Each structure stands twice: as structure tokens, then as C-alpha cells.
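In: give me a 3D structure for the following:
(one chain, ligands or ions: 6)
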Amino acid sequence: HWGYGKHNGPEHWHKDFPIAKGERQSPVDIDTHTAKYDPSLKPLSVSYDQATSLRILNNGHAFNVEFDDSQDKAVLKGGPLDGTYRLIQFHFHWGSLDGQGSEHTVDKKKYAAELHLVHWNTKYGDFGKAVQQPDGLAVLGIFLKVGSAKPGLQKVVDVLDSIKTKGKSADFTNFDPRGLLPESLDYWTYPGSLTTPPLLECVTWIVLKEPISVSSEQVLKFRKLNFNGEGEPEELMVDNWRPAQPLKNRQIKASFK
Ligand SMILES: NS(=O)(=O)c1cc(F)ccc1F
Ligand SMILES: NS(=O)(=O)c1cc(F)ccc1F
Ligand SMILES: OC[C@H]1O[C@@H](O)[C@H](O)[C@@H](O)[C@@H]1O
Ligand SMILES: OC[C@H]1O[C@@H](O)[C@H](O)[C@@H](O)[C@@H]1O
Ligand SMILES: OC[C@H]1O[C@H](O)[C@H](O)[C@@H](O)[C@@H]1O
Ligand SMILES: [Zn+2]
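Out: Residues are numbered from 1 along each chain as shown. Ligands and ions are numbered 1, 2, ... in the order given. Structure data below:
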């Protein structure tokens with residue numbers, strides 16, 4: 001039911017998901033001047049060398065690249081995190097034009113897109129239990145700006161023609177998500193939520209400071225996807241981002257001095 005349009009988008013979600021107006025909603029604007037270095041953060045560990053990708057799915061809202069999370073392969077640890085968080089999927093949010101598309105903003109600046117690598121805390125056994133816990137999930141967020149092509153993204157771009165419409169999927173084995181990272185792991189972190197319904201307040205957000213560059217041609221192919229199913233009137237999959245939400249009683253901490 002929910003979506004991104006005038007009649008079912010972010011301003012309507014609260015009617016079926018009242019937590020939309022909650023105390024730790026995401027995304028937020030990251031005021032870089034107010035964010036404070038936190039010496040209590042431990043080194044961040046992104047351990048993706050044994051990742052096992054499986055499938056890419058157009059879910060009608062974005063596309064998800066899904067991973068085998070049946071044991072610790074790709075995991076995120078350290079930083080603000082207590083315990084091991086297993087990678088389950090990644091997806092993006094993007095705009096109709098380069099000047100918008102990110103969910104988080106940096107001193108109010110919107111990036112062209114934002115990558116979310118989604119992980120669940122293994123002490124809760126399964127994703128469904130994890131989303132009943134305040135520390136159930138960790139999402140690693142990475143901004144995309146338009147410039148040079150990102151070679152590690154091209155395999156994703158080139159399969160999108162095969163999943164144009166809602167409900168289509170394709171095999172997507174042997175994809176290495178390490179090729180989507182920037183050089184630096186400097187980050188900001190804060191407690192928040194899922195950015196789509198059901199908007200559950202379970203997420204430790206870790207948002208990298210350094211964007212990745214992707215080419216205009218790469219993001220233009222994201223914008224050829226469809227929200228609609230096969231045979232239905234074409235609705236381009238663009239502007240699938242939620243705007244920044246009130247920070248409320250939170251502080252954004254920085255990993256860097
Ligand atoms: N609250 S909502 O965005 O899920 C929503 C769903 C509908 F089917 C119709 C209107 C809506 F506002
Ligand atoms: N955009 S998000 O990373 O907060 C997210 C991840 C999920 F697994 C489910 C819903 C979401 F909204
Ligand atoms: O095929 C993508 C990646 O899959 C992983 O499981 C392997 O360990 C990596 O060496 C490889 O780059
Ligand atoms: O009371 C002082 C403390 O205030 C908190 O809001 C800050 O997060 C801490 O960094 C600071 O030491
Ligand atoms: O790595 C993800 C995918 O990249 C390319 O599409 C390959 O042709 C395919 O075999 C692989 O599954
Ligand atoms: Zn997301």
C-alpha cells in the first residue's frame with residue numbers, strides 16, 4: 001500500500017505506521033559541526049571477504065541484492081556495535097535527478113543516491129526477532145555522488161534490465177560487495193529506524209563520510225527501473241527516499257577527530 005508518491009508517500013505513512021512520528025526515526029540530517037568525536041567507539045570491522053550473494057529482486061520500492069545469512073560470512077563488527085551483525089541484503093535509494101536521492105543529508109546537502117548494507121544482530125537468531133530489539137540491526141550507509149564510474153557497481157547496473165518490474169528477480173551469485181565501499185571508513189553513527197514501513201526503531205546507523213563516485217550512466221540505469229509490475233502502466237522507480245526526520249533526543253557521534 002505504501003509507496004513514494006503524492007498519495008501514498010512519506011507524509012502518509014504515519015496513518016498505518018504511527019511510529020513514523022516516533023522518537024528515533026531515520027533518516028536524519030547530519031550536522032557535521034555538532035557531531036562529536038567519540039573516543040569510546042572501537043575500530044570498525046567490515047568483513048565481507050566470504051560474502052555469498054544469491055539473488056537480486058525488484059520489490060516494487062527498490063532492488064535488493066540478497067546474501068546467504070545462514071552463517072557468519074559477511075559481517076559487521078566494532079565501532080558502536082556490541083556483537084556480530086550479519087549481512088542480509090543491500091539496496092539503494094535514489095532520485096529523479098542528481099541533486100536529490102539520498103536519505104541522510106550532510107549539513108542539509110542531498111547526494112544523488114545512498115547505499116544501505118543491512119545487517120542483523122546474530123544474538124537474536126533471525127532478522128524477524130532482531131526487529132523486535134532496540135539493537136537488532138546495523139545499516140552501513142554510503143553516499144553516491146556522480147562523477148567517475150564505480151567499477152564494482154557495474155555488475156549491478158547491467159542486470160537491472162532483467163528485473164525491470166516489481167516481483168522480478170534474477171540470479172546474482174558471486175558478487176563482491178567490497179567493490180562498493182569508499183577508501184575511508186570514517187563514519188558518523190546514531191540510533192534510528194528503518195526508513196521505510198514498518199519504520200521500526202531497531203537500527204544502529206553507521207554512515208560513511210566519504211561518498212563513492214558513480215557515473216551518470218550508472219545512476220541513469222537505476223532510474224529506468226519500474227515501481228509497477230509487468231503489463232501495468234509504467235511508473236519510473238525514482239525518488240524512493242524518505243526525507244530527514246526530527247533528531248529529537250539524539251546525538252550523532254563521529255569516529256574521527
Ligand atoms: N499509510 S500508507 O502510506 O500505507 C497508505 C496506504 C494506502 F493504501 C493508501 C493510503 C495511504 F496513505
Ligand atoms: N532502508 S533501510 O535500510 O532502513 C531498511 C532495511 C530493511 F531491511 C527493511 C526496511 C528498511 F527501510
Ligand atoms: O565472488 C565474489 C566473492 O565471493 C566470496 O565468497 C569470495 O570469498 C571472494 O573471493 C569473491 O570475490
Ligand atoms: O555530560 C557531558 C556529556 O554530555 C553528553 O551529552 C555527551 O554525549 C558526552 O560526550 C559528554 O561527555
Ligand atoms: O556477480 C553478479 C553477477 O554478475 C554478472 O551478472 C554475471 O554475469 C553473473 O554470473 C553474476 O551472478
Ligand atoms: Zn534503505
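In: give me the most central residue, the chain.
Out: residue 116 (2.0 Å; Cα atoms, centre = their mean).
In: what about residue 34, how many residues nearby?
Out: For residue 34, the count of nearby residues is 11 (other Cβ atoms under 10 Å). In short, each C-beta sits where N, CA and C put it, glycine included.
In: ok and the residue in the stretch 1-150 of the chain nearest ligand 3?
Out: Distances between the stretch 1-150 of the chain and ligand 3 by Cβ to the nearest ligand atom are smallest at residue 50, namely 4.9 Å.
In: and this structure, which residues reach ligand 1?
Out: Within the chain, the residues that sit near ligand 1 (Cβ under 6 Å from any ligand atom) are 1, 2, 8, 12, 13, 15, 16.
In: could you say which of these is surrounded by the most neighbours?
Out: residue 13 (21 neighbours).
In: now that one. Nearest residue, chain neighbours left out?
Out: residue 20 (4.7 Å; Cβ to Cβ, 6 or more residues apart in numbering).
In: the one you found touches residue 11, doesn't it?
Out: No: judged on Cβ atoms under 8 Å, residue 20 makes no contact with residue 11 at a distance of 9.2 Å.
In: with neighbour numbers in mind, choose between these two.
Out: residue 20 (20 against 11).
In: wasn't the residue nearest to residue 13 part of a helix?
Out: Yes: per DSSP: H, G, I helix; E, B strand; the rest coil, residue 20 lies within a helix segment.
In: measure it to residue 111 for me?
Out: Separation of residue 20 from residue 111 (Cβ to Cβ, to the nearest Å) stands at 23 Å.
In: and residue 179, how many neighbours?
Out: Other residues close to residue 179 by other Cβ under 10 Å number 15.
In: that one should be in a helix, yeah?
Out: Yes: counting by three-state DSSP, residue 179 falls inside a helix.
In: contacts only, for it.
Out: Contact analysis of residue 179 by Cβ atoms under 8 Å, 6 or more residues apart in numbering lists 150, 151, 152, 153.
In: need those residues in TSV with neighbour count, can you?
Out: Putting the contacts of residue 179 into TSV (neighbours: other Cβ atoms under 10 Å) gives the following:
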residue	neighbour count
150	19
151	8
152	16
153	22
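In: which residue is the nearest non-sequential neighbour of residue 172?
Out: With Cβ to Cβ, 6+ apart, the residue lying closest to residue 172 is residue 56, at 4.1 Å.
In: lovely, talk soon.
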